[PDB]
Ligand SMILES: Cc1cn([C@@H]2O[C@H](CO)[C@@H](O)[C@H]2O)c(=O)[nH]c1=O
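Shown below, as structure tokens, is a lone chain in the form solved without 5-methyluridine (38T); questions about how it binds or moves come after it.
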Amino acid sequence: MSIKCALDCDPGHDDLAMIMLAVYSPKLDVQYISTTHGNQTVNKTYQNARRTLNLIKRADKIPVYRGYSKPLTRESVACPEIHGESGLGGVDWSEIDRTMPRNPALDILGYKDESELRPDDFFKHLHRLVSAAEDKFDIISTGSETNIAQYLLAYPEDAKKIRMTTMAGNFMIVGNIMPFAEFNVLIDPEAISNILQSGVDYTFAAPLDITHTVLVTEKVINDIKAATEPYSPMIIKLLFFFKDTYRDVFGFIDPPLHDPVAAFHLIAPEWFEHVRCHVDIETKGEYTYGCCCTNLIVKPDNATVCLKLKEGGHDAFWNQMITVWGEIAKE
């Protein structure tokens, strides 16, 4: 029993880790990747998704769609201070690029080349998956949720058959890029607000509440080397670029690894605390847009929030993650 899903993301060094976990995890069957604006322009995140796939020798298997370039009703805002100009700083990609297979999505779409990629391309693919699902189709979202909101404006009747597992928000701690809000929400608050009203089964699987406790320590670096060096002398430099920037910008000693925890939730939900509640997304605030405001501490519930991993959860997460990195090294 393996779970069909799609990934929506903005790679992004976290997003790269998340793609590795999701694609190589036996529990998941990734149907496609759609990229979004966020960290970088959606053209760069598209490229970075493909690079990730090619590195792990899957760029010829998984279709990658290039989604929307800006939020519904706001201006784009890149995050180059964590991720670099390319969106995946710290490595030379020139080889990975030159040896890059054709994107399977072009075949699904019947396109000659990438210049024909359009933001809504993924719609028909996802609609087939949603139709085929016995209960609900699973999306893992770890960037802005513009793409999914765009989709549900086009296919509103599909909302009730979609389950979203997201890295988004902050509830019991403060924000990152703004005082009380998290990057993914605040770049398109209207998107998430639309989704939470749509009838989607929505889980905040990995808010900052969890992910700020999931740090790439030196012990984690040595366990990666232990699992990968014997098979394949990139991943380290990538997590180190991500380390230098998080120290530079936020004064974290060890950087949090956000997005994979979302994928981990779909793989292994038993390791997560969960509560149902009503989440309001601030869209009107001048300085607080994207705040995730909850009734927990009487509007109906519209979401599940995971505030903490059960003890054991951190180790379960790293075990899962080191294993996948091991398998990729073998290949």
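Residues that one form lacks are left out of the comparison. For clarity, a rigid core is taken as the largest C-alpha set superposing within 1.5 Å between two forms. Numbers follow the displayed sequence, beginning with 1.
Beyond what is shown, the protein has a form solved in complex with 5-methyluridine (38T); the following relates to that form.
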Check your understanding: Overlaying the pocket C-alphas and bringing 5-methyluridine (38T) over as found in the deposited complex, would you call this site open, or blocked by 3+ ligand atoms sitting within 2.4 Å of backbone or C-beta?
Key -> blocked
Exercise for review: Please name which of the stretches 114 to 122, 97 to 105, 67 to 75, 180 to 188 has residues with heavy atoms lying within 4.5 Å of 5-methyluridine (38T) in the deposited complex.
Suggested key: 180 to 188
Exercise for review: For the three residues 145, 202 and 283, verify that every one has a non-hydrogen atom within 4.5 Å of 5-methyluridine (38T) in the deposited complex; reply yes or no.
Suggested key: no
Point to revise | in the deposited complex, residue 242 touching 5-methyluridine (38T) (heavy atom, 4.5 Å) | key: yes
Review point. Is there a non-hydrogen atom of residue 164 within 4.5 angstroms of a non-hydrogen atom of 5-methyluridine (38T) in the deposited complex?
Key: no
**Study point:** Partner contact for residue 246 in the deposited complex: 5-methyluridine (38T), 4.5 angstroms, heavy atom
**Key:** yes
Check your understanding: With the cut-off set at 4.5 Å between non-hydrogen atoms, does residue 36 touch 5-methyluridine (38T) in the deposited complex?
Key -> no
Practice item. Please pick, from 176, 150, 194, 228, the one residue with any non-hydrogen atom lying within 4.5 angstroms of 5-methyluridine (38T) in the deposited complex. Key: 176
Point to revise | in the deposited complex: members of 257 to 271 within 4.5 Å of 5-methyluridine (38T), any heavy atom | key: 258, 259
Review point. Fit the core first: which of 203, 103, 245, 176 then shifts its CA by 2 Å or more between this form and the one not shown?
Key: 245
Practice item. State yes or no: after fitting on the rigid core, is the Cα displacement of residue 84 between this form and the one not shown at least 2 Å? Key: yes
Check your understanding: residue 82 and residue 313: do their C-alpha atoms lie closer or farther in the deposited complex than in the form you see, with a change of 3 Å or more?
Key -> farther
Practice item. Since the Cα separation of residue 70 and residue 81 moves by 3 Å or more in the deposited complex, tell me which way: closer or farther than here. Key: closer
Study note, to complete from the structure: In sequence order, the stretches of at least 3 consecutive residues present in both forms and shifting by 2 Å or more at each Cα after core superposition between this form and the one not shown are 78 to 84, 242 to 251
